[PDB]
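*Asks:* Below you will find the structure I want to go over with you.
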Amino acid sequence: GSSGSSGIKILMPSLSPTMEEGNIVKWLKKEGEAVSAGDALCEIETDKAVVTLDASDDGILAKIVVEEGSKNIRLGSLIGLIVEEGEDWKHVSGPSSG
């Protein structure tokens, strides 16, 4: 089949200076909601302390790969994708765009 897309994959940031993994306590955003750089997305758990995952870019919470409650979230792990505000996060389709 065929299905191309271009979104923003969210990978576990190196919140800590020497962190091997994290733990999403609770998502501060929901799927379909907008996102703004700086704003808190979710709470990342770390040995150091309780840190929060801030948005690096502004977009719509396409989906959430890793939901809250997960523990031991190594780095470079997709926890959710973002979609340019407007884009049919749910599912795009029609004459234009796909």
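*Asks:* According to the square roots a ≥ b ≥ c of the eigenvalues of the Cα gyration tensor, what is the shape class of the chain, taking rounded for a/c under 1.5, prolate for a/b larger than b/c otherwise, and oblate for the remainder?
*Replies:* In terms of gyration-tensor shape, prolate.
*Asks:* Further question on the same structure: Could you rank the peptides 46-52, 19-25 by their average count of other C-beta atoms within 10 Å per residue, with the highest value first? Before the final figure, lay out each step's value.
*Replies:* Numbers: 46-52: 12.0, 19-25: 18.7.
Going from most to least packed, we get 19-25, 46-52.
*Asks:* Could you calculate the FRET efficiency of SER36 with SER93 from 1/(1 + (r/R0)^6), where r is the beta carbon distance between them and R0 is 35 Å, rounded to 0.05?
*Replies:* Details: r = 27 Å, r/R0 = 0.78.
So, using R0 = 35 Å, E works out to roughly 0.80.
*Asks:* Given the Cα-Cα distance of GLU68 and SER5 and 0.36 nm per residue of separation, how much length would full extension add, in nm?
*Replies:* Values: separation 63, 0.36 × 63 = 22.68 nm, distance 2.53 nm.
Value of the extension gain: 20.2 nm.
*Asks:* Under 13 Å between C-alpha atoms is the cut-off here; go through the chain and count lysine pairs that meet it, provided they're at least eight residues apart or on different chains.
*Replies:* On the way: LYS9/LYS63; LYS26/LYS71; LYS29/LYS63; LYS30/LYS63; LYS30/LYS90; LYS63/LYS90.
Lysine pairs satisfying the spacing and distance rule in the chain number 6.
*Asks:* Residue by residue, what Karplus-based ³J(HN,Hα) values in Hz, rounded to whole numbers, does segment 24-35 have, using 6.51, -1.76 and 1.60 with θ = phi - 60° and x for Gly and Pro?
*Replies:* Using θ = phi - 60°, the values come out as 5, 5, 7, 6, 8, 10, 10, 5, x, 7, 7, 9 Hz.
All Cβ positions, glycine included, derive from the backbone under ideal geometry; neighbour counts span all protein chains shown. Here, each number is a calculation from the coordinates, and none is a lab measurement.
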